[PDB]
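Okay, here's what each chain looks like letter by letter:
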Amino acid sequence: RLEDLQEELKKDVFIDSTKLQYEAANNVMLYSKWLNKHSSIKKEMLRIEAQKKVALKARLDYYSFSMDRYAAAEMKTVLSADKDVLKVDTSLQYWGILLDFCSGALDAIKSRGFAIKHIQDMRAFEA
Amino acid sequence: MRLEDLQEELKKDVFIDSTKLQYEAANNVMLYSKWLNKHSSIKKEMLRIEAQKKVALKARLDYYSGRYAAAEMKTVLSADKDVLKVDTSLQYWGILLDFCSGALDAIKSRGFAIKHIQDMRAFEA
Amino acid sequence: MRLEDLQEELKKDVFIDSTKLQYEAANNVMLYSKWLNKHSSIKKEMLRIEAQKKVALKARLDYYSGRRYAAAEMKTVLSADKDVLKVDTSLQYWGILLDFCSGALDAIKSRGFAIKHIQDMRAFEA
Amino acid sequence: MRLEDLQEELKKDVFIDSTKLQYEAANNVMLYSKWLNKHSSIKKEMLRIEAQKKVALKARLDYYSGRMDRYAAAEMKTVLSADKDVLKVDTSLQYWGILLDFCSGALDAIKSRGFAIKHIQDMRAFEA
Amino acid sequence: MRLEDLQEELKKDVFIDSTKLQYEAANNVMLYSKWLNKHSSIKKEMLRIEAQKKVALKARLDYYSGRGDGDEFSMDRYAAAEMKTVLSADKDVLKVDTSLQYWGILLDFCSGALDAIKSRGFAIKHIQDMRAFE
Amino acid sequence: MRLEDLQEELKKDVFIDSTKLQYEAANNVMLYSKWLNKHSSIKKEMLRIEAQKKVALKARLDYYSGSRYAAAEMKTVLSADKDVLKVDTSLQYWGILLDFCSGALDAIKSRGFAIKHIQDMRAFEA
Amino acid sequence: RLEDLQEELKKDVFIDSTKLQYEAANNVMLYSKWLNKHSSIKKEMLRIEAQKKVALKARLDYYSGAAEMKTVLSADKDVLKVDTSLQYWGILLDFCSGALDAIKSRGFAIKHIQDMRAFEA
């Protein structure tokens, strides 16, 4: 669910100032974590994307004598590759939204790491 | 190669030993090297498979052209079993390569984080 | 040249001799030079091969144009051409080498920074 | 000019005389100038050749456009790319482009050699 | 202005008189100014020429499009991609563009120059410190 | 405003009175303010003029879309438009002033550093 | 108003040498003051920027009933007004960035002058 990722990133970006020191190392770990999410979403999408391509050919074959005789009307009833591919594709757009969220997450962590260094510096400035 | 295994490897790599910050700085540059090497080898493989794919594409094009609508050829072939398989492979490596690019970004910023932490320590002094 | 051998060379190069952190600092700039030279020479080679490819392409265009391929297919088929595929494969390979060398130069520049950082942590230890 | 000779020149230039770390520091800025000068002049040459190429392209375009052999226009783009006179001039231009990229690298190199120099000076200050 | 002459000027400028390391430090900032001034004036000129170039391009487009350039007309009918090529070949346009690009080269040289003066200033401080070390 | 006059003013500003190295340090920060002020006001003006230009562009676009201007070429012809060319020339000119002022702020910051360095050479002769 | 920020910074950067001591502490307070200005300005611009996106979408609809769509919409009086505002705040923000740079280095100049005093001793 997207909301759960929103809540997760939200929780993650907050900084504990005394372990501002701890947080610097931990900052790189968030990057890793979200990178992993990123790749897995892409991986999933690729598989589903692959599936859609095959479904299209099958439906294409359906829709467009001498040679075997396949019953066109039962082909139509049984195959429903339109309904099914389209359904799965709707799902795929959902994942596209997730992937866009993960991109936002990495931009966020990179700049959080900078903000962290900045605050450390403004403190050193107060000194 | 498996993407999950690269994920776990990067995971291991990004961890920082606070007591060995100096070591980690040098090893950080070594990590940069390691992932750069992974990167180049993955792209190399993908390039080879890409050549194979260009050939599969030509062969299937021949099949479909009768050597059926001209326009449908693009769709069907894009969907061609053999082509779909080789293309799937190629795209998979493309995903690995993108992961390695992310990895190099990660190591570069880990190196910066390292400098930052050193600074917060000298500040504590 | 082999990409793997450049990988091993860079691998060797990035290793740091801590007592000759001092030596390495000067030696670090020399590494930059070495890889920059490699870098340029690779592009140079690729440019020559690229020129050859352009001629091959014209020949294949002639081949395909009949001087029964479809014009869009002309693009596809020619891209698939054995000879063109071979020369292009080579050219792209060199492109990979070039990208590796770009990575190498980034690597040495930051190794130089890491070196200064370590020097500083030492003076801190003092 | 030859690329390898620039490679050797940069090679010689980047070497550091540690006692004349002091001399080298001043000389370091002079190196920047020298390569900067090389840099602008190569681009200048390339610019002239680039103009020539554009004219050659039009000329070859005319040849190819029928204004000997009859090439389809998208294919005209391909064939003209094959243009021996054009190919020669472009190849040349790109060669200078290679030189230019090398000089950009060189200036980056001198900038950081200057930093390395300060670093070494600091390790010297460290032995104290 | 000539690029080679700017090369010689910068060459002269970057040289350091060590006893007047003191003089040079102040003079170093003055050099920045001098080249900054050069810099801006060069860009200014190029901008004027750039405006001129834009007009030439429209005129040549008309020429090439069969729309005429004064009492002169291009009996040729150019394809738009070819329009791009042919106009790129435009002798008058090529001349003005060549000029403009030349000034662009001068400008890039001046940017390098300002970088140079900035780092000469740094080298100066560093050297002062190495002097104090002895 | 004229660019040359800014060149002369900056020229005057960057000069250092060594005995009032003390005075100059404080005045150096005041210079920053002055040029920062110049800087912001110039961009503000250019922004207003930029708005005017955007309107001019639309007007000329209308003119050109039906003035017989070709649809693909519109960018070129308009780029050459008398009114547009005038307003754009102005705007770019102010852009030149802005870039000069940025250089100026860089200059004052480093003049401040040079000042600290010289003070140090004085503590140094002792 | 930008001019008023110019006058405020102008007042801020002037240095009282005897209260070089006072000024050092007051210097950090200035940093704070302008940092707060800075953040609040970005926040406002961000809010206005959101509004602009909606205005843009509305105007896009208007215009769609494509490249010229981009040109004309850029010319979009309502969009032009909101963008003008947004850019204005961007100018203020850049000014405040300059201001923070100014206070940081004024702080350095103060330490330096303190040192020349230490020099006569």
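Residues numbered from 1 in each chain as written, not as in the entry; some residues may be left out. Chains lettered and ligands numbered in written order. Heavy atoms only, no water. Residues with missing side-chain atoms left out of burial classes, pairs and counts.

This deposited entry lists X-ray crystallography as its structure determination method and 4.2000 Å as its resolution.

Visitor: Tell me about the overall build of chain G, residues and numbers included.
Guide: Within chain G, the regular secondary structure consists of four helices and zero strands. When the elements of chain G are put in sequence order from the N terminus, they spell out α-α-α-α. With the C-alpha coordinates of chain G rotated into their principal frame, the extents come out at 80 × 20 × 20 Å. (Helix = DSSP H or I, 4+ residues; strand = E, 2+ residues; numbered from the N terminus.)

Visitor: Provide a residue-level description of the overall build of chain C, including the pertinent values.
Guide: From N to C terminus, chain C includes four helices and zero strands. Along chain C, helices (α) and strands (β) appear in the sequence α-α-α-α when read from the amino end. A principal-axis box enclosing the C-alpha atoms of chain C has dimensions of 80 × 20 × 15 Å.

Visitor: Residue-level account of the environment of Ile-15 of chain A, with values.
Guide: Residues and elements named next belong to chain A. Tracing the sequence through the fold places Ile-15 in the loop between α1 (2–13) and α2 (20–63). Between the alpha carbons of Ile-15 and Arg-47 there is a distance of 37 Å; along the sequence they are 32 residues apart. The residues contacting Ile-15, other than those within four sequence positions of it, are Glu-23, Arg-112 and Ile-116. (Contact = heavy atoms within 4.5 Å.)

Visitor: A description of the packing of α2 of chain A against helix α4 (residues 81–126) of chain A should follow, citing residues and the corresponding values.
Guide: All names here are of chain A. Where α2 meets α4, the axes come as close as 9 Å, and the angle between the chain directions of the two elements is 160°. Regarding the angle of α2 to α4, the classification is roughly antiparallel. Where α2 crosses over α4, the two elements pack in a sense that is left-handed. In terms of residue class, the contact of α2 with α4 is built from 20 nonpolar, five polar and five charged. (Axes fitted to C-alpha atoms, helices over the stretch in contact; angles between N-to-C directions. Parallel < 35°, antiparallel > 145°, perpendicular 65-115°, else oblique. Left-handed = near helix turned anticlockwise from the far one by under 90°. Nonpolar A, V, L, I, M, F, W, Y, C, P; charged D, E, K, R; others polar.)

Visitor: Residue-level account of the packing of aromatic side chains, with values.
Guide: Ring centres of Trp-34 of chain A and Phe-101 of chain A lie 6.0 Å apart, and the angle between their planes is 55°; on these two criteria the pair is classed as tilted. Judged by centre distance (6.1 Å) and plane angle (55°), the rings of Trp-35 of chain C and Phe-100 of chain C are tilted. Stacked on the ring of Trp-34 of chain A, the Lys or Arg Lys-37 of chain A has its end atom at 5.7 Å from the ring centre. (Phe/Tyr/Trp six-rings, centres within 6.5 Å; stacked < 30°, edge-to-face > 60°. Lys NZ or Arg CZ within 6 Å of the ring centre and 35° of its normal.)

Visitor: I'd like a rundown of the interface of chain B and chain A, residues and numbers included.
Guide: How big an interface is tends to be stated in terms of accessible area lost as the parts join. Across the contact, 27 residues belong to chain B and 23 residues belong to chain A. If one sorts the elements of the side of chain B that touches chain A by residue count, helix α4 (residues 81–124) of chain B sits on top with 18 residues. Tallied by class, residues from the side of chain B that touches chain A come to 15 nonpolar, five polar and seven charged.

Visitor: Which residues make up the interface of chain D and chain C, and what values go with them?
Guide: Between chain D and chain C, the contact holds 24 residues from the first and 20 residues from the second. Element by element, the count of residues in the side of chain D that touches chain C is highest for helix α4 (residues 84–127) of chain D, at 17 residues. A class-by-class count of the residues in the side of chain D that touches chain C yields 12 nonpolar, five polar and seven charged.

Visitor: Mind laying out unusual backbone geometry, listing which residues take part and the relevant values?
Guide: Negative phi is the rule for most residues except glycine; trans is the rule for most peptide bonds. All names here are of chain A. The phi torsion at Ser-66 lies on the positive side, around 40°, for a residue other than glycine. Locating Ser-66 in the fold gives a position in the loop between α2 and α3 (72–79). Not every positive phi belongs to a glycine, and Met-67 is a case in point at roughly 135°. Take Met-67: it is sitting in the loop between α2 and α3.

Visitor: Outline the arrangement of the chains, supporting the account with residue identities and numerical values.
Guide: The interface with the most contacts, out of seven pairs of chains in contact, is the one formed by chains A and B. Nothing in chain A touches chain C; the tightest C-alpha to C-alpha distance between them is still 16 Å. If you take every C-alpha in chain C and every C-alpha in chain G, the smallest gap between them is 23 Å, and the two do not touch.

Visitor: Mind laying out the side chain of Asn-27 of chain G, listing which residues take part and the relevant values?
Guide: Looking at where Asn-27 of chain G falls in the secondary structure, it is placed in helix α2 (residues 20–64). Sequence-distant contacts of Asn-27 of chain G, defined by excluding residues within four places in its chain, comprise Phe-125 of chain A together with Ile-103, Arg-106, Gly-107 and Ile-110 of chain G.

Visitor: Please give an account of the pattern of salt bridges that cites residues and values.
Guide: The salt bridge partner of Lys-44 of chain B is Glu-4 of chain C, with a shortest N-O separation of 3.2 Å. Placement of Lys-44 of chain B in helix α2 (residues 21–65) and of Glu-4 of chain C in helix α1 (residues 3–14) is noted, with the two residues assigned to different chains. Across the salt bridge formed by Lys-44 of chain C and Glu-4 of chain D, the nearest N and O atoms sit 3.7 Å from each other. Of this pair, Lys-44 of chain C sits in helix α2 (residues 21–65) while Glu-4 of chain D is found in helix α1 (residues 3–14), placing the two residues in two different chains. When salt bridges that share partners are traced, they join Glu-8, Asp-12 and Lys-33 of chain A into one network. (Salt bridge = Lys/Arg side-chain N within 4 Å of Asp/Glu carboxyl O.)

Visitor: Run through α2 of chain B, naming residues and quoting values.
Guide: For α2 of chain B, with 45 residues, the first-to-last C-alpha span of 63 Å sits near the 66 Å given by 1.5 Å per residue. Of the residues one or two after α2 of chain B, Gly-66 of chain B is the one with positive phi, at around 95°. (Expected span 1.5 Å × (residues − 1).)

Visitor: Mind laying out the packing of α2 of chain A against α4 of chain B, listing which residues take part and the relevant values?
Guide: It is the contact of α2 of chain A with α4 of chain B, at a shortest axis distance of 8 Å, that shows an interaxial angle of 170°. The orientation of α2 of chain A relative to α4 of chain B falls into the category roughly antiparallel. Taken together, the residues that form the contact of α2 of chain A with α4 of chain B break down as 16 nonpolar, six polar and seven charged.

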